[PDB]
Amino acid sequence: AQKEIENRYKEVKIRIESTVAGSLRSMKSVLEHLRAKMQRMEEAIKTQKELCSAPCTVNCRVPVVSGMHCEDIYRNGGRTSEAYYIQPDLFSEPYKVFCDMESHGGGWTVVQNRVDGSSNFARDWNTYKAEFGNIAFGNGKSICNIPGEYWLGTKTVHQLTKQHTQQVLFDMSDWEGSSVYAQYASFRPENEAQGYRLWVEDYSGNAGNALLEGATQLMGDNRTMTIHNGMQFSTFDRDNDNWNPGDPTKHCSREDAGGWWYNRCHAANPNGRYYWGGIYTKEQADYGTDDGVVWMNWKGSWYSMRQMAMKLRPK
């Protein structure tokens, strides 16, 4: 009957003005909003680029007192935390470095440090070997006590530990306000030849023995394969991890955005991507991996620390 042509016009008239008219309505804006969002980014990158013509500079005065390591300085009177020149070897020009003279006893030579994502750690084997980043920043009074992000060269670290066995101490702070720490009585890496293999002894602290135990929230292989002790160093341009040797597809350094002592990847991943906020989904990571300043044993695989450092001290 007539009510037979209706259900042929009661649908078409509706789809045309509902589903179709609607999807068009909605989509448009969504597409417009994007062009908007992107319009910002371009004037962003370009405003900065416009400025990155000239590099930044640090014109801060240099502290008289020096030593051969941050501890030597503390011993000589360096009691404030800032930048100083040290000279661990008589046959090697002195180099600037950030000394922590307030955390756990003091005399700590900062080897690595994250605080504001002001530097990029996705560097190659030579950059990591030679050292990259800013030791410190001018506080305005021309005294450099604001620590910047950096990684003193692995070689440098190596030499330091070969001259005298060190003890490392890791510090980290979440974006909420809390902060734990982890230390090892012994620290020392073999020479480049050995891929700067990592060897640490005796854990202690409230962070979680991620170096000798790995991500203790795992079972069997899943945990052991996240142990950093005994591992060599890797960079995006040099795979030495324990993740399938010949296979160029298994590169922890490629997937976790940083130069580290990966072993079938990690438990502790400082040097990673500096996500801002703390939490970051598995979908935001360039390779769907838990990259970024991660210290599993304390905040899981999907929390990037707001602060992370690695200090060295003899005893």
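Heads up: residue numbers just count along the shown sequence, starting at 1.
- Of the two segments examined, 32-40 and 62-70, it is 32-40 that shows the higher average Cα temperature factor in the deposited entry.
- Judged by mean Cα B factor in the deposited record, 222-230 ranks above the other of 222-230 and 78-86.
- Considering 147, 195, 245, 140 together, the PDB entry gives 245 the largest C-alpha B factor.
- Residue 310: CA B factor lies in the lowest third for its chain, per the PDB record.
- Among all modelled residues in this chain, the alpha-carbon of residue 216 has a temperature factor (C-alpha) in the highest third.
- Residue 94: CA B factor in the highest third of modelled residues in this chain (values from the PDB entry).
- The deposited CA B-factor of residue 9 belongs to the highest third of values across its chain.
- When the modelled residues of the chain are ordered by their C-alpha B factor, residue 53 lands in the highest third.
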